[PDB]
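Next up: just one chain, as structure tokens, the form deposited in one PDB entry.
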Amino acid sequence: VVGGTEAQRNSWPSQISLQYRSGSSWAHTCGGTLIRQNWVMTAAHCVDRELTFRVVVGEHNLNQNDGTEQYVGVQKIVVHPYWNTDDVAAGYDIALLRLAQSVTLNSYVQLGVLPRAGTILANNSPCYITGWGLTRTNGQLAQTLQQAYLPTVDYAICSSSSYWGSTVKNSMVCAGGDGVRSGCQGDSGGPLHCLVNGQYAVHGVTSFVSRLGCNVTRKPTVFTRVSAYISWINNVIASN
């Protein structure tokens, strides 16, 4: 996250770190949202590489003992059947991970609540992106969970020529684009949290930023629109 602030330890208890095996260590690659005690929602592009994955819940600092972490292997990966790795602009950038164990819920570990199906946020709806992604374009991962205030940019504006043009779809949510704050590499798969009727819900799964850089004016961060995938999600969990 570029231009973020450090999240308090208990603000975003559904945020997870998706990690892969590198040597005999694990390295953070992507964010995710805990949606069942044994299921995580992330971005399809995060799980294209044939890698060993683990999920960390109750994670705050990637390189320090928080005293709150649970570490759980990924047992099954279900990527959206329509996802095409060579065509992120087509959408469908979403995947579900079944965990090898069911995690224990507490103030640091909670299920993320999803919006009602078909819900579209009004232009300029206030949201926070969260994650451990790069803090600068071509920079380094954050050590501690970051959050940034990123207001939505509706489809009409986001798909206009100054913005993302034909690249963005109605299956996506754009947020931010002020040139100061944004998602960045390593935030992919993580949540966009938006307050609706007094409660946060996870409206986005972080998908992409400009190839020109993370925080680029009129290139808001783009997210898979969660409310487009409600029946897909439920169908996968009910059959697995």
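All residue numbers refer to positions in the sequence shown, first residue = 1.
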**Prompt:** In the PDB record, does 15 to 23 or 220 to 228 carry the higher mean Cα temperature factor?
**Reply:** 15 to 23
**Request:** Would you tell me which stretch averages the higher CA B-factor in the PDB entry, 43 to 51 or 206 to 214?
**Result:** 43 to 51
**Asked** Among 130, 144, 162, 135, where is the Cα temperature factor highest, going by the PDB entry?
**Response** 162
**Prompt:** Among 150, 95, 105, 114, which residue carries the highest C-alpha B-factor recorded in the PDB entry?
**Reply:** 105
**Complete:** Binned into thirds over the chain's modelled residues, the C-alpha B-factor of residue 201 lands in the lowest
**Asked** residue 61's Cα B-factor: lowest, middle or highest third of the chain?
**Response** middle
**Prompt:** Within this chain, which third does the Cα B-factor at residue 195 fall in: lowest, middle or highest?
**Reply:** highest
**Request:** State the tercile, meaning the lowest, middle or highest third, of residue 7 with respect to the CA B-factors recorded for its chain.
**Result:** middle
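Just so it is clear, the following notes concern the form deposited with a partner chain bound, a form of the same protein that is not shown.
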**Prompt:** Among 173 to 181, 192 to 200, 33 to 41, 210 to 218, which stretch has residues with heavy atoms no more than 4.5 Å from the partner chain in the deposited bound form?
**Reply:** 210 to 218
**Prompt:** the partner chain isn't shown here, but in the deposited bound form which of 157, 111, 89, 117 has a heavy atom within 4.5 Å of it?
**Reply:** 89
**Request:** Consider the chain as shown here, without its partner, and state which of 167, 144, 125, 106 has a heavy atom within 4.5 Å of the partner chain in the deposited bound form.
**Result:** 167
**Request:** Consider residue 186 of the chain shown here, and say whether it contacts the partner chain in the deposited bound form, taking contact as heavy atoms within 4.5 Å.
**Result:** yes
**Message:** Just checking whether residue 45 would be counted as a contact of the partner chain in the deposited bound form - the rule being heavy atoms within 4.5 angstroms.
**Reply:** yes
